[PDB]
Ligand SMILES: [Zn+2]
């Protein structure tokens with residue numbers, strides 16, 4: 001599993017404490033579809049990281 | 001684009017080769033050297049820096065006021081260059 | 001916030017060179033909901049500061 | 001060849017350890033370790049989180 | 001000497017951890033954690049703490065078990081990661097002050113400086129403030145009774161620094177803020 | 001100084017900011033004409049900066 | 001066609017216009033800009049490198065400045 | 001939706017390359033939707049599910065089998081000629097979380113409303129491994145089987161089984177599980 | 001010599017102190033590894049009314065001014081308004097000062 005988390009209160013305001021846990025994809029999964037994650041309900045909540053350079057920029 | 005065709009097929013290994021060769025601290029030239037670890041260096045943006053030599057370059061391959069390739073992350077001297 | 005783009009020349013490959021504040025001159029495709037030909041060159045526009053997508057023409 | 005739908009359980013223990021660690025989020029890179037138990041494939045629970053002393057390497 | 005203390009909610013949340021890491025044994029005693037804080041200013045400021053395996057006897061109160069090596073190692077590694085905070089005192093989570101607590105206190109009066117004691121509650125059913133700072137001082141008595149270690153209450157406030165406010169307020173979404181006017185005034189004026 | 005607590009600062013590098021007052025220090029040295037010292041976090045004032 | 005449209009990531013939003021200084025036979029050239037940023041990348045497609053006529057303005061990035069193409073003027 | 005009841009596999013006879021192309025739960029939902037297509041067939045259903053790999057008798061993907069039972073329960077919903085007797089020996093077969101999960105779904109759905117204490121019992125030992133997905137199926141079947149029965153130790157068994165675990169799919173499966181039992185207990 | 005046999009505990013304390021200076025002296029090498037840039041120093045004594053006033057004025061080579069007290073190790077040939085000093089990344093501290101010319 002090997003969870004990786006970045007806390008960054010420096011540019012995070014005191015109103016929201018938005019933190020995210022990040023993941024590594026396998027490099028051999030590039031031929032198939034990227035993330036075969038079932039139960040796609042919560043991804044509407046996972047599009048809250050929508051900064052227009054970092055999330056889909058990287 | 002036909003010259004960029006075979007090079008476009010040769011752009012596959014440029015992604016596995018993009019993780020090496022990436023480093024450039026704007027090719028800072030040195031000024032002097034106080035002792036064989038510590039080198040007094042100046043970047044072109046007028047910030048005087050000090051870093052140690054890496055293991056890949058000999059200190060006899062250090063020349064006074066030399067433009068060389070140098071890291072922008074660990075800041076060490078990966079490879080030199082002739083001019 | 002976001003930056004202030006100024007297009008000086010529109011490029012025909014739908015990748016508009018835009019004159020930016022120093023260390024700028026960032027050539028980019030602007031957002032898909034806005035057409036390229038409406039953006040007239042030598043006029044100031046509204047540009048995002050990272051994603052480099054145009055909002056509107058400015059006087 | 002399998003992947004599932006995982007979701008990360010976060011206590012306030014780990015949270016305020018990352019917030020004391022975020023007050024310890026001065027400009028330098030800081031280090032810490034997340035602990036807990038993996039009960040299945042697709043759920044993950046954190047309990048124990050501590051910090052690590054800094055180094056000039058980061 | 002010291003007028004007031006400041007205890008951050010992080011350590012009491014680690015007393016929630018004291019009631020987490022039990023493992024269901026049937027003991028649930030006054031588990032002592034090693035209180036850390038800032039005695040540096042005249043006000044005492046608790047930042048964080050840890051806990052130590054502590055056992056008493058069923059019948060005998062005066063049997064009590066601590067560790068110096070665990071104190072110097074956990075405090076050593078903690079001082080290695082953060083030397084801006086030092087040892088200050090301790091606490092038991094039991095509701096009752098035992099006779100043994102002068103002797104249990106005496107170990108951290110020796111090796112640490114004048115240590116503060118905190119009585120808190122195992123079950124937070126008390127409407128009152130759970131934390132009471134009891135200064136460990138010997139006071140001379142007018143009746144002529146011999147001088148002993150006496151636990152006088154030092155007044156306390158529970159404050160959070162910056163991010164503990166944000167994380168707690170994000171975790172709740174149930175508490176309402178200051179909100180002067182009808183409601184937050186009149187509810188205090190209710191109860 | 002607009003609010004007696006909170007005023008305008010002028011950095012050496014050029015950008016201007018507004019800061020608060022620390023609970024320890026008082027308004028004696030905080031009068032204008034005083035070059036001060038600031039922090040990256042919260043823009044607090046630990047002490048001032050005497051010119052020379 | 002997909003390989004023609006896979007280098008779009010480099011010429012996308014992370015793209016800048018720099019000024020080339022010289023072309024090096026070690027295939028990593030040295031560039032410049034308003035601060036004169038010198039970054040050397042082993043070359044990529046769409047560049048001419050002979051009629052490129054060094055000392056001119058070329059196309060750079062917000063990324064590692066891999067030269068994805070050139071633009072005449 | 002469109003091929004329900006008309007038993008038309010002929011749309012899904014266009015290709016094998018668009019169905020089995022991914023080893024995932026998508027094949028389980030594909031075999032399930034195959035169960036939605038045809039219904040009410042006492043020989044050709046089990047025969048047709050047996051037709052899919054009677055070669056080595058070892059599916060590399062278990063979702064064909066567990067979708068065979070989950071589909072089969074969709075076929076035999078409220079049939080009086082239940083093959084439930086065979087599916088107890090088929091749930092007696094040792095397999096991980098597809099005979100357990102899909103076997104709980106299909107077998108409990110075919111046993112819907114019967115209020116049998118036996119399928120109640122094997123349902124309990126299906127949920128006693130504390131896994132979220134197969135016990136989620138155990139709750140979903142348990143609401144089906146206990147319709148109107150209102151067994152006394154069952155409700156306190158479910159809510160007493162609820163707070164003693166940190167898994168969440170056991171909580172929603174027992175959520176619907178204690179939901180469906182309560183019918184006409186308005187009073 | 002019974003009164004002088006308490007000296008043994010003192011010597012075990014002090015050789016224990018020599019056992020425990022190895023780690024906090026060991027972090028000297030990993031914190032003070034690379035002074036990354038060169039920054040101009042201007043010495044300016046402060047007054048705090050211990051609470052003693054002691055300060056210096058810094059200027060980076062990229063001409064950015066920050067604030068700091070007199071810090072580092074025991075200084076004799078330091079305290080000069082000079083250059084070629086030791087500094088970490090954002091700590092902006094003084095660790096190793098050297099003469100430029
Ligand atoms: Zn960094």
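Cβ: placed from backbone, ideal geometry, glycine included. Neighbour counts: every protein chain shown. Any read-out appearing in this document is the output of simple, stated calculations on the displayed coordinates, not a laboratory observation.
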Among residues of the stretch H:158-167, those that are within 14 Å of chain D (Cβ to nearest Cβ) and not in a loop (DSSP other than H, G, I, E, B), counted: 0
Conditions (1) part of a loop (DSSP other than H, G, I, E, B); (2) within 14 Å of chain B (Cβ to nearest Cβ); number of the one not met by residue I:45: (2)
Which numbered condition residue H:47 fails, given (1) buried (at least 18 other Cβ atoms within 10 Å of the Cβ); (2) assigned to a helix (DSSP H, G or I): (1)
Some residue of the stretch B:28-46 being buried (at least 17 other Cβ atoms within 10 Å of the Cβ) and within 11 Å of the chain's Cα centre (by Cα): yes
The stretch E:16-45: number of residues that are farther than 19 Å from residue E:111 by Cβ and touching a strand residue (DSSP E or B) at 6+ places or on another chain (Cβ under 7 Å): 6
Set G:39, G:65: member being surrounded by 17 or more Cβ atoms within 10 Å (Cβ to Cβ), out of contact with any helix residue (DSSP H, G or I) (no Cβ under 9 Å at 6 or more places or on another chain), outside any strand (DSSP E or B) and at positive phi: G:65
Residue in the stretch A:16-35 that is at negative phi, assigned to a loop (DSSP other than H, G, I, E, B) and within 14 Å of chain C (Cβ to nearest Cβ) present: no
Residue within the stretch E:54-75 that is over 30 Å from residue D:30 (Cβ atoms) and within 15 Å of the chain's Cα centre (by Cα) present: no
Unmet requirement for residue A:8, which otherwise passes all of (1) more than 8 Å from every other protein chain (Cβ to nearest Cβ); (2) surrounded by 10 or more Cβ atoms within 10 Å (Cβ to Cβ): (1)
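To keep it simple, each residue is scored yes or no on (1) out of contact with any helix residue (DSSP H, G or I) (no Cβ under 7 Å at 6 or more places or on another chain); (2) surrounded by fewer than 18 Cβ atoms within 10 Å (Cβ to Cβ).
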site	(1), (2)
E:2	yes, yes
E:8	no, no
E:11	yes, no
E:19	yes, yes
E:24	yes, yes
E:27	yes, yes
E:31	no, no
Unmet requirement for residue D:33, which otherwise passes all of (1) in a helix (DSSP H, G or I); (2) within 19 Å of residue E:79 (Cα to Cα); (3) more than 7 Å from every other protein chain (Cβ to nearest Cβ): (1)
Subset of the stretch G:12-34 [within 14 Å of chain C (Cβ to nearest Cβ) and surrounded by fewer than 19 Cβ atoms within 10 Å (Cβ to Cβ)]: G:12, G:19, G:34
Elements of type strands (runs of 3 or more DSSP E) in the stretch B:1-52, at least 2 residues being facing another protein chain (nearest Cβ under 7 Å) and in contact with a strand residue (DSSP E or B) (Cβ under 9 Å, 6 or more places away or on another chain): B:48-52
Single unsatisfied condition, residue D:3 versus (1) within 14 Å of chain I (Cβ to nearest Cβ); (2) more than 13 Å from the chain's Cα centre (by Cα): (1)
Odd one out for residue I:88 among (1) away from every other protein chain (no Cβ under 11 Å); (2) in a loop (DSSP other than H, G, I, E, B); (3) surrounded by 16 or more Cβ atoms within 10 Å (Cβ to Cβ): (1)
Residues located in the stretch D:36-58, provided they are over 25 Å from residue I:33 (Cα atoms), facing another protein chain (nearest Cβ under 7 Å) and not in a loop (DSSP other than H, G, I, E, B): D:43, D:44, D:45
Residue check, residue E:131 touching a helix residue (DSSP H, G or I) at 6+ places or on another chain (Cβ under 6 Å) and farther than 15 Å from residue E:39 by Cα: no
Matching option when the condition is away from chain D (no Cβ under 14 Å), touching a helix residue (DSSP H, G or I) at 6+ places or on another chain (Cβ under 7 Å) and farther than 30 Å from residue E:109 by Cα, among E:182, E:178: E:178
Selection within the stretch E:140-163 - in a loop (DSSP other than H, G, I, E, B) and farther than 23 Å from residue A:10 by Cα: E:140, E:141, E:142, E:143, E:144, E:145, E:146, E:147
Hits in the stretch C:1-39 - residues which are surrounded by fewer than 20 Cβ atoms within 10 Å (Cβ to Cβ), more than 11 Å from chain G (Cβ to nearest Cβ), within 10 Å of the chain's Cα centre (by Cα) and part of a loop (DSSP other than H, G, I, E, B): C:4, C:8, C:10, C:36, C:39
Tally, over the stretch G:42-62, of residues that are crowded, with 19+ Cβ neighbours inside 10 Å and more than 9 Å from chain B (Cβ to nearest Cβ): 4
Residues within the stretch I:4-38 that are more than 16 Å from the chain's Cα centre (by Cα) and within 14 Å of chain B (Cβ to nearest Cβ), tallied: 3
Filter result for the condition that a residue is within 14 Å of chain D (Cβ to nearest Cβ), in a helix (DSSP H, G or I) and over 29 Å from residue H:41 (Cβ atoms), over H:170, H:178, H:155: H:170
Among the residues listed as E:137, E:166, the single one being surrounded by 10 or more Cβ atoms within 10 Å (Cβ to Cβ) and assigned to a strand (DSSP E or B): E:137
